[PDB]
>>> print(open('input.txt').read())   # compact mmCIF, C-alpha atoms and all ligand atoms
# COMPACT_ATOMS: atom_id res chain seq x y z
CA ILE A 1 38.85 -15.34 -7.89
CA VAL A 2 40.78 -18.10 -9.70
CA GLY A 3 40.08 -18.55 -13.40
CA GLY A 4 37.81 -15.53 -13.59
CA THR A 5 37.30 -12.71 -16.00
CA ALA A 6 37.07 -8.95 -15.50
CA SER A 7 33.65 -7.58 -14.63
CA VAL A 8 32.35 -4.32 -16.11
CA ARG A 9 30.76 -1.25 -14.50
CA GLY A 10 27.27 -1.91 -13.16
CA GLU A 11 27.55 -5.67 -13.60
CA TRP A 12 27.40 -6.67 -9.91
CA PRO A 13 25.84 -3.60 -8.24
CA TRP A 14 25.21 -5.36 -4.93
CA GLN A 15 28.94 -6.18 -4.53
CA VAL A 16 30.83 -3.97 -2.07
CA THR A 17 34.43 -3.82 -0.92
CA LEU A 18 34.90 -3.72 2.86
CA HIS A 19 38.10 -1.94 3.85
CA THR A 20 39.91 -1.71 7.13
CA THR A 21 41.84 1.51 7.82
CA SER A 22 44.25 0.17 10.43
CA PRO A 23 47.18 -0.23 10.56
CA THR A 24 46.98 0.39 6.74
CA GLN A 25 43.93 0.86 4.53
CA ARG A 26 43.22 -2.33 2.53
CA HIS A 27 40.41 -4.40 1.24
CA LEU A 28 39.42 -7.02 3.82
CA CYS A 29 36.44 -8.78 2.28
CA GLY A 30 33.53 -8.61 -0.07
CA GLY A 31 29.92 -8.09 0.96
CA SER A 32 26.49 -7.68 -0.59
CA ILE A 33 23.98 -4.87 -0.33
CA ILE A 34 20.69 -6.45 0.86
CA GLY A 35 18.86 -3.32 2.08
CA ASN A 36 19.30 0.40 2.28
CA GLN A 37 21.58 0.29 5.31
CA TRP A 38 22.53 -3.39 5.32
CA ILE A 39 25.49 -5.37 4.06
CA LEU A 40 25.54 -9.16 4.32
CA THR A 41 29.05 -10.61 4.63
CA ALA A 42 31.10 -13.31 6.43
CA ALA A 43 31.71 -13.26 10.17
CA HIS A 44 35.26 -14.51 9.79
CA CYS A 45 36.25 -11.24 8.09
CA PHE A 46 36.24 -9.50 11.48
CA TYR A 47 39.17 -11.39 12.97
CA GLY A 48 41.22 -8.83 14.87
CA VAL A 49 38.74 -5.95 14.19
CA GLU A 50 38.45 -4.10 17.53
CA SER A 51 35.31 -2.14 16.66
CA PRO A 52 33.37 -0.82 13.66
CA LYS A 53 35.33 2.47 13.83
CA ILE A 54 38.10 1.27 11.52
CA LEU A 55 35.80 -0.01 8.72
CA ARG A 56 34.72 1.58 5.47
CA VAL A 57 32.22 0.17 3.00
CA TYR A 58 32.71 1.24 -0.62
CA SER A 59 29.87 0.67 -3.11
CA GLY A 60 29.91 1.20 -6.87
CA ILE A 61 33.55 0.13 -7.22
CA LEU A 62 34.90 -1.69 -10.23
CA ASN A 63 38.64 -1.10 -9.75
CA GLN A 64 40.30 -0.84 -6.33
CA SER A 65 42.55 1.85 -7.92
CA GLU A 66 39.36 4.04 -8.17
CA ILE A 67 39.54 4.44 -4.36
CA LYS A 68 41.31 7.69 -3.52
CA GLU A 69 41.20 10.03 -0.54
CA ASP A 70 38.10 11.78 -1.85
CA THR A 71 36.15 8.62 -2.78
CA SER A 72 32.82 8.45 -0.92
CA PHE A 73 32.19 5.52 1.44
CA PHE A 74 29.82 4.48 4.17
CA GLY A 75 30.83 4.28 7.78
CA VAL A 76 29.81 1.13 9.65
CA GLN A 77 27.60 1.70 12.67
CA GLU A 78 27.32 -1.90 13.86
CA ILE A 79 28.78 -5.34 13.18
CA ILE A 80 26.24 -8.14 13.87
CA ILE A 81 27.98 -11.52 13.99
CA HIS A 82 25.88 -14.69 14.36
CA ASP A 83 25.90 -15.73 18.02
CA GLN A 84 27.09 -19.27 17.18
CA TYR A 85 30.03 -18.22 15.05
CA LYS A 86 33.58 -19.25 16.10
CA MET A 87 35.55 -20.02 12.80
CA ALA A 88 34.67 -20.15 9.08
CA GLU A 89 35.14 -23.91 8.83
CA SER A 90 32.83 -24.56 11.83
CA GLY A 91 29.89 -22.69 10.25
CA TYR A 92 27.65 -19.76 11.11
CA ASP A 93 29.94 -17.65 8.93
CA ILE A 94 27.55 -14.76 8.54
CA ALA A 95 27.45 -11.16 9.64
CA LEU A 96 25.47 -8.01 8.95
CA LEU A 97 26.90 -4.52 8.77
CA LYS A 98 24.52 -1.71 9.60
CA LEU A 99 25.71 1.37 7.75
CA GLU A 100 25.76 4.90 9.20
CA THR A 101 23.49 6.20 6.39
CA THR A 102 21.32 4.91 3.59
CA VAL A 103 22.51 3.75 0.20
CA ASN A 104 20.79 5.68 -2.62
CA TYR A 105 20.22 3.08 -5.36
CA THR A 106 21.66 3.57 -8.84
CA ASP A 107 22.92 1.39 -11.73
CA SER A 108 26.16 0.93 -9.76
CA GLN A 109 24.73 0.20 -6.28
CA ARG A 110 21.55 -1.66 -5.50
CA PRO A 111 20.38 -4.59 -3.39
CA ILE A 112 20.23 -8.26 -4.23
CA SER A 113 17.16 -10.25 -3.15
CA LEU A 114 17.53 -13.10 -0.69
CA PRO A 115 16.44 -16.62 -1.91
CA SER A 116 12.68 -16.31 -2.06
CA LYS A 117 10.09 -17.84 0.22
CA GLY A 118 8.74 -20.84 -1.79
CA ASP A 119 12.03 -21.44 -3.66
CA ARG A 120 13.59 -23.86 -1.10
CA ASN A 121 13.85 -26.64 -3.80
CA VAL A 122 14.88 -24.44 -6.81
CA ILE A 123 17.71 -25.92 -8.91
CA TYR A 124 20.10 -23.03 -9.55
CA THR A 125 22.08 -23.49 -12.75
CA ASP A 126 23.45 -19.97 -13.32
CA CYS A 127 25.64 -19.11 -10.30
CA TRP A 128 28.53 -16.70 -10.17
CA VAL A 129 31.15 -15.86 -7.58
CA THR A 130 32.72 -12.37 -7.65
CA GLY A 131 35.46 -10.51 -5.86
CA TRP A 132 38.83 -8.81 -5.69
CA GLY A 133 40.48 -11.83 -4.09
CA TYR A 134 43.54 -13.86 -4.94
CA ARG A 135 43.86 -15.73 -8.26
CA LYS A 136 46.32 -18.26 -6.66
CA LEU A 137 47.68 -19.06 -3.09
CA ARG A 138 50.55 -16.49 -2.99
CA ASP A 139 48.86 -13.49 -4.64
CA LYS A 140 47.51 -10.06 -3.71
CA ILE A 141 44.17 -8.32 -3.85
CA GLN A 142 43.26 -7.66 -7.50
CA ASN A 143 42.42 -4.32 -9.03
CA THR A 144 39.44 -5.23 -11.24
CA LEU A 145 36.41 -7.06 -9.81
CA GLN A 146 36.55 -10.63 -11.13
CA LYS A 147 33.70 -13.02 -11.89
CA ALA A 148 33.50 -16.77 -12.42
CA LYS A 149 30.56 -19.07 -13.13
CA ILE A 150 30.64 -22.07 -10.80
CA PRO A 151 28.23 -25.06 -10.66
CA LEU A 152 26.64 -26.02 -7.35
CA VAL A 153 27.61 -29.44 -5.92
CA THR A 154 25.17 -31.32 -3.66
CA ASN A 155 25.81 -31.38 0.07
CA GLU A 156 26.18 -35.17 -0.11
CA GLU A 157 28.93 -34.82 -2.71
CA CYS A 158 30.55 -31.91 -0.87
CA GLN A 159 30.74 -33.94 2.34
CA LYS A 160 32.62 -36.66 0.46
CA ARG A 161 35.23 -34.08 -0.60
CA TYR A 162 35.63 -32.87 2.99
CA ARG A 163 35.60 -36.04 5.10
CA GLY A 164 37.45 -34.26 7.90
CA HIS A 165 34.76 -31.57 8.33
CA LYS A 166 31.03 -31.40 9.06
CA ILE A 167 29.40 -30.07 5.87
CA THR A 168 25.92 -29.14 7.09
CA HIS A 169 22.74 -27.96 5.40
CA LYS A 170 23.71 -24.44 6.59
CA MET A 171 26.53 -24.65 3.97
CA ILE A 172 26.32 -24.87 0.18
CA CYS A 173 29.20 -25.92 -2.08
CA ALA A 174 30.21 -24.94 -5.57
CA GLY A 175 33.12 -26.11 -7.71
CA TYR A 176 34.29 -28.00 -10.79
CA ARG A 177 35.44 -31.60 -10.40
CA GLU A 178 38.72 -30.63 -12.10
CA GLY A 179 38.95 -27.28 -10.27
CA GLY A 180 40.30 -24.26 -12.15
CA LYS A 181 37.61 -21.72 -11.07
CA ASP A 182 36.92 -20.80 -7.44
CA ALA A 183 36.91 -18.05 -4.88
CA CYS A 184 40.03 -17.41 -2.81
CA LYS A 185 41.46 -15.13 -0.08
CA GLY A 186 39.81 -11.72 -0.12
CA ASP A 187 36.67 -12.96 -1.96
CA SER A 188 35.30 -14.04 1.42
CA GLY A 189 32.11 -12.33 2.49
CA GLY A 190 31.09 -11.59 -1.08
CA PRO A 191 28.19 -13.19 -2.91
CA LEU A 192 27.49 -16.41 -4.70
CA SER A 193 24.76 -14.91 -6.90
CA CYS A 194 22.40 -17.12 -8.93
CA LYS A 195 20.11 -15.84 -11.67
CA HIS A 196 16.70 -17.60 -11.78
CA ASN A 197 13.83 -16.38 -13.95
CA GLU A 198 16.05 -13.40 -14.83
CA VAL A 199 16.29 -12.26 -11.19
CA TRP A 200 19.52 -12.50 -9.18
CA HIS A 201 19.36 -14.11 -5.75
CA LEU A 202 21.98 -14.15 -3.01
CA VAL A 203 22.40 -17.89 -2.56
CA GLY A 204 25.76 -18.07 -0.80
CA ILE A 205 28.33 -16.02 1.09
CA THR A 206 31.94 -16.94 0.21
CA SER A 207 33.39 -18.63 3.28
CA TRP A 208 36.18 -21.27 3.02
CA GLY A 209 37.67 -24.28 1.31
CA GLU A 210 40.84 -26.39 1.03
CA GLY A 211 43.22 -24.28 -1.06
CA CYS A 212 41.80 -22.51 -4.12
CA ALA A 213 40.49 -24.14 -7.31
CA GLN A 214 41.98 -27.54 -6.49
CA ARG A 215 40.40 -30.57 -8.11
CA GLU A 216 37.62 -32.19 -6.05
CA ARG A 217 37.78 -29.39 -3.44
CA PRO A 218 34.77 -27.16 -3.99
CA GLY A 219 34.29 -23.81 -2.40
CA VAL A 220 32.14 -23.81 0.74
CA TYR A 221 29.63 -20.99 1.15
CA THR A 222 27.22 -19.98 3.89
CA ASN A 223 23.79 -21.18 2.68
CA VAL A 224 21.83 -17.93 2.87
CA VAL A 225 18.37 -19.53 2.66
CA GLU A 226 19.05 -21.21 6.05
CA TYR A 227 19.63 -17.77 7.63
CA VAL A 228 16.72 -15.79 6.18
CA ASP A 229 14.86 -15.76 9.49
CA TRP A 230 18.01 -14.59 11.32
CA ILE A 231 18.64 -11.85 8.71
CA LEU A 232 15.01 -10.63 8.81
CA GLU A 233 15.03 -10.54 12.58
CA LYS A 234 18.23 -8.40 12.59
CA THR A 235 17.15 -6.02 9.80
CA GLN A 236 13.44 -5.57 10.81
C1 LIG A 301 44.82 -20.63 1.20
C2 LIG A 301 44.85 -19.12 1.57
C3 LIG A 301 45.41 -18.23 0.42
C4 LIG A 301 43.47 -18.59 2.01
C5 LIG A 301 42.29 -18.93 1.29
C6 LIG A 301 41.05 -18.38 1.71
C7 LIG A 301 39.79 -18.73 0.99
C8 LIG A 301 38.82 -17.72 0.82
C9 LIG A 301 37.63 -17.99 0.12
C10 LIG A 301 37.47 -19.24 -0.45
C11 LIG A 301 38.43 -20.22 -0.31
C12 LIG A 301 39.61 -19.99 0.39
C13 LIG A 301 37.95 -21.44 -1.05
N1 LIG A 301 38.78 -21.66 -2.25
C14 LIG A 301 36.50 -21.02 -1.44
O1 LIG A 301 36.35 -19.59 -1.19
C15 LIG A 301 41.02 -17.49 2.77
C16 LIG A 301 42.19 -17.13 3.48
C17 LIG A 301 42.13 -16.15 4.65
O2 LIG A 301 43.40 -16.03 5.31
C18 LIG A 301 41.01 -16.53 5.65
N2 LIG A 301 40.83 -15.47 6.66
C19 LIG A 301 41.19 -15.70 7.93
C20 LIG A 301 41.02 -14.58 8.67
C21 LIG A 301 40.52 -13.54 7.74
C22 LIG A 301 40.18 -12.20 7.97
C23 LIG A 301 39.71 -11.49 6.88
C24 LIG A 301 39.62 -12.07 5.60
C25 LIG A 301 39.97 -13.41 5.38
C26 LIG A 301 39.71 -13.93 4.00
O3 LIG A 301 39.03 -15.05 3.93
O4 LIG A 301 40.08 -13.32 3.01
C27 LIG A 301 40.42 -14.17 6.49
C28 LIG A 301 43.42 -17.69 3.08
>>> encode(input="input.txt", output="structure tokens", more="lines below")
Ligand SMILES: CC(C)c1cc(-c2ccc3c(c2)[C@H](N)CO3)cc([C@H](O)Cn2ccc3cccc(C(=O)O)c32)c1
Amino acid sequence: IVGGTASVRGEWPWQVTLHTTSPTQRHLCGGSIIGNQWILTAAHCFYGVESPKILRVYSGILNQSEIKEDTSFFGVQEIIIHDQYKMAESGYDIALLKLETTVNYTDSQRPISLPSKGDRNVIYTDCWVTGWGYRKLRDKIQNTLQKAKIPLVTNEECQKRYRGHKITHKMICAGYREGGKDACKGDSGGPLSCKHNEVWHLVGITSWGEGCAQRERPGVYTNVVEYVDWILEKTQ
């Protein structure tokens, strides 16, 4: 996260850190708890991942330094990548992880609702992107979970910023005209969470953009509302 601030314990309890364990253990991507055995994340995170055997999902983490050899985690039983996915920038950047066991919900780990049926035209004004990603192009994964409030940009405006790409209704964009706050490498797969009527909804999945926090280059997110039927079919 560029231009963010440190989160506190229990602030984003649906946020998880997805680690790989090979050839070293490191944070790969963010994700969001959406059910008792389900993480919603980005398909592009699984580049070069041979099978679910090397993954670990950690919930209830504030600081990456908290993760030691005795820290509890969930194994990943299955990786479900959207059948149309090929690359983040070409869309369908969505995946589900089915966990090996159920998440017991507490103040530090609980699900986030999907955008609700009937809310297709809601105007979200309180949206936040979170993660342990880079704060600049040549950085590293950050210790403390960062947050930044980012305004949504219309698809028509987003397309004008990305004339070389197809910005579709299956994408949603968020950024400041003058940049300064954005998601970046390692935030991918995590949530764009919007609070409406005092309830958080998972509106986007961090996916891609041109650089990080550049002026007139908003972040591009998977538009979760356009995949609710796909998610429900996979998690039913
Ligand atoms: C410019 C540069 C530093 C860079 C930037 C981004 C990036 C991420 C989010 C974001 C933006 C940019 C926009 N500012 C809005 O939100 C991503 C990357 C990643 O190499 C991509 N990647 C490709 C394969 C792979 C496998 C796992 C995780 C990631 C991963 O995305 O972390 C993988 C790089």
>>> residues_near_ligand(input="input.txt", ligand="ligand LIG 301 (chain A)", cutoff="10 Å", atoms="all atoms listed in the file", output="ChimeraX atom specification")
/A:1-2,18,20,27-30,42-49,87-89,129,131-141,173-175,179,181-190,205-214,217-221
>>> write_last_selection(input="input.txt", atoms="C-alpha atoms", output="PDB file, in the frame of the given file")
ATOM      1  CA  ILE A   1      38.850 -15.340  -7.890  1.00  0.00           C
ATOM      2  CA  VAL A   2      40.780 -18.100  -9.700  1.00  0.00           C
ATOM      3  CA  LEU A  18      34.900  -3.720   2.860  1.00  0.00           C
ATOM      4  CA  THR A  20      39.910  -1.710   7.130  1.00  0.00           C
ATOM      5  CA  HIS A  27      40.410  -4.400   1.240  1.00  0.00           C
ATOM      6  CA  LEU A  28      39.420  -7.020   3.820  1.00  0.00           C
ATOM      7  CA  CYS A  29      36.440  -8.780   2.280  1.00  0.00           C
ATOM      8  CA  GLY A  30      33.530  -8.610  -0.070  1.00  0.00           C
ATOM      9  CA  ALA A  42      31.100 -13.310   6.430  1.00  0.00           C
ATOM     10  CA  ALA A  43      31.710 -13.260  10.170  1.00  0.00           C
ATOM     11  CA  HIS A  44      35.260 -14.510   9.790  1.00  0.00           C
ATOM     12  CA  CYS A  45      36.250 -11.240   8.090  1.00  0.00           C
ATOM     13  CA  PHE A  46      36.240  -9.500  11.480  1.00  0.00           C
ATOM     14  CA  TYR A  47      39.170 -11.390  12.970  1.00  0.00           C
ATOM     15  CA  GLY A  48      41.220  -8.830  14.870  1.00  0.00           C
ATOM     16  CA  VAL A  49      38.740  -5.950  14.190  1.00  0.00           C
ATOM     17  CA  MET A  87      35.550 -20.020  12.800  1.00  0.00           C
ATOM     18  CA  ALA A  88      34.670 -20.150   9.080  1.00  0.00           C
ATOM     19  CA  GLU A  89      35.140 -23.910   8.830  1.00  0.00           C
ATOM     20  CA  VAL A 129      31.150 -15.860  -7.580  1.00  0.00           C
ATOM     21  CA  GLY A 131      35.460 -10.510  -5.860  1.00  0.00           C
ATOM     22  CA  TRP A 132      38.830  -8.810  -5.690  1.00  0.00           C
ATOM     23  CA  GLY A 133      40.480 -11.830  -4.090  1.00  0.00           C
ATOM     24  CA  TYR A 134      43.540 -13.860  -4.940  1.00  0.00           C
ATOM     25  CA  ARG A 135      43.860 -15.730  -8.260  1.00  0.00           C
ATOM     26  CA  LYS A 136      46.320 -18.260  -6.660  1.00  0.00           C
ATOM     27  CA  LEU A 137      47.680 -19.060  -3.090  1.00  0.00           C
ATOM     28  CA  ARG A 138      50.550 -16.490  -2.990  1.00  0.00           C
ATOM     29  CA  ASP A 139      48.860 -13.490  -4.640  1.00  0.00           C
ATOM     30  CA  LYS A 140      47.510 -10.060  -3.710  1.00  0.00           C
ATOM     31  CA  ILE A 141      44.170  -8.320  -3.850  1.00  0.00           C
ATOM     32  CA  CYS A 173      29.200 -25.920  -2.080  1.00  0.00           C
ATOM     33  CA  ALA A 174      30.210 -24.940  -5.570  1.00  0.00           C
ATOM     34  CA  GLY A 175      33.120 -26.110  -7.710  1.00  0.00           C
ATOM     35  CA  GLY A 179      38.950 -27.280 -10.270  1.00  0.00           C
ATOM     36  CA  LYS A 181      37.610 -21.720 -11.070  1.00  0.00           C
ATOM     37  CA  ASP A 182      36.920 -20.800  -7.440  1.00  0.00           C
ATOM     38  CA  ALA A 183      36.910 -18.050  -4.880  1.00  0.00           C
ATOM     39  CA  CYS A 184      40.030 -17.410  -2.810  1.00  0.00           C
ATOM     40  CA  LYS A 185      41.460 -15.130  -0.080  1.00  0.00           C
ATOM     41  CA  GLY A 186      39.810 -11.720  -0.120  1.00  0.00           C
ATOM     42  CA  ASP A 187      36.670 -12.960  -1.960  1.00  0.00           C
ATOM     43  CA  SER A 188      35.300 -14.040   1.420  1.00  0.00           C
ATOM     44  CA  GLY A 189      32.110 -12.330   2.490  1.00  0.00           C
ATOM     45  CA  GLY A 190      31.090 -11.590  -1.080  1.00  0.00           C
ATOM     46  CA  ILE A 205      28.330 -16.020   1.090  1.00  0.00           C
ATOM     47  CA  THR A 206      31.940 -16.940   0.210  1.00  0.00           C
ATOM     48  CA  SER A 207      33.390 -18.630   3.280  1.00  0.00           C
ATOM     49  CA  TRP A 208      36.180 -21.270   3.020  1.00  0.00           C
ATOM     50  CA  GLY A 209      37.670 -24.280   1.310  1.00  0.00           C
ATOM     51  CA  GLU A 210      40.840 -26.390   1.030  1.00  0.00           C
ATOM     52  CA  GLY A 211      43.220 -24.280  -1.060  1.00  0.00           C
ATOM     53  CA  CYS A 212      41.800 -22.510  -4.120  1.00  0.00           C
ATOM     54  CA  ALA A 213      40.490 -24.140  -7.310  1.00  0.00           C
ATOM     55  CA  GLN A 214      41.980 -27.540  -6.490  1.00  0.00           C
ATOM     56  CA  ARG A 217      37.780 -29.390  -3.440  1.00  0.00           C
ATOM     57  CA  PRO A 218      34.770 -27.160  -3.990  1.00  0.00           C
ATOM     58  CA  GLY A 219      34.290 -23.810  -2.400  1.00  0.00           C
ATOM     59  CA  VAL A 220      32.140 -23.810   0.740  1.00  0.00           C
ATOM     60  CA  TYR A 221      29.630 -20.990   1.150  1.00  0.00           C
TER      61      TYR A 221
END
>>> atom_distance(input="input.txt", atom1="atom CA of residue A:50", atom2="atom CA of residue A:95")
15.3 Å
>>> axis_aligned_box(input="input.txt", around="stretch 214-218 of chain A", padding_each_side="5 Å", output="AutoDock Vina command-line options")
--center_x 38.4 --center_y -29.7 --center_z -5.8 --size_x 17.2 --size_y 15.0 --size_z 14.7
>>> atom_distance(input="input.txt", atom1="atom CA of residue A:85", atom2="atom CA of residue A:191")
18.7 Å
>>> atom_distance(input="input.txt", atom1="atom CA of residue A:168", atom2="atom CA of residue A:152")
14.8 Å
>>> residues_around(input="input.txt", residues="residue A:224", least_positions_apart="2", cutoff="12 Å", atoms="all atoms listed in the file", output="PyMOL selection string")
chain A and resi 32+34+40-42+91-95+113-116+120+169-173+189-194+201-207+221-222+226-232
>>> residues_near_point(input="input.txt", point="(31.9, 0.4, 13.4)", cutoff="7 Å", atoms="all atoms listed in the file", output="PyMOL selection string")
chain A and resi 51-55+75-79
>>> residues_around(input="input.txt", residues="residue A:14", least_positions_apart="2", cutoff="6 Å", atoms="only C-alpha atoms", output="number ranges by chain")
A: 12, 32-33, 109-112
>>> closest_residue(input="input.txt", among="A:11, A:198, A:83, A:156", to="residue A:234", atoms="only C-alpha atoms")
A:83
>>> closest_residue(input="input.txt", among="A:65, A:125, A:59, A:90", to="residue A:165", atoms="all atoms listed in the file")
A:90
>>> closest_residue(input="input.txt", among="A:81, A:60, A:38, A:216", to="residue A:106", atoms="only C-alpha atoms")
A:60
>>> closest_residue(input="input.txt", among="A:5, A:25, A:197, A:71", to="residue A:123", atoms="all atoms listed in the file")
A:197
>>> decode(input="input.txt", residues="stretch 57-79 of chain A", atoms="C-alpha atoms", output="CSV table (one decimal), in the first residue's frame")
chain,number,residue,atom,x,y,z
A,57,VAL,CA,-3.4,-19.2,4.9
A,58,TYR,CA,-2.8,-17.1,8.0
A,59,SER,CA,-5.7,-15.3,9.6
A,60,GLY,CA,-5.7,-12.9,12.5
A,61,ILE,CA,-2.4,-11.4,11.5
A,62,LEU,CA,-1.4,-7.8,12.0
A,63,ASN,CA,2.3,-8.0,11.7
A,64,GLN,CA,4.1,-10.4,9.4
A,65,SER,CA,6.8,-10.7,12.2
A,66,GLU,CA,4.0,-12.4,14.3
A,67,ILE,CA,4.4,-15.5,12.1
A,68,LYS,CA,6.8,-18.0,13.7
A,69,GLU,CA,7.2,-21.7,13.4
A,70,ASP,CA,4.4,-22.3,16.0
A,71,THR,CA,1.9,-19.9,14.5
A,72,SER,CA,-1.4,-21.6,13.5
A,73,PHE,CA,-2.5,-21.5,9.8
A,74,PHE,CA,-4.9,-23.2,7.5
A,75,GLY,CA,-3.8,-25.6,4.9
A,76,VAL,CA,-5.4,-25.1,1.4
A,77,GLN,CA,-7.3,-28.0,0.1
A,78,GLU,CA,-8.2,-26.6,-3.3
A,79,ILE,CA,-7.5,-23.6,-5.6
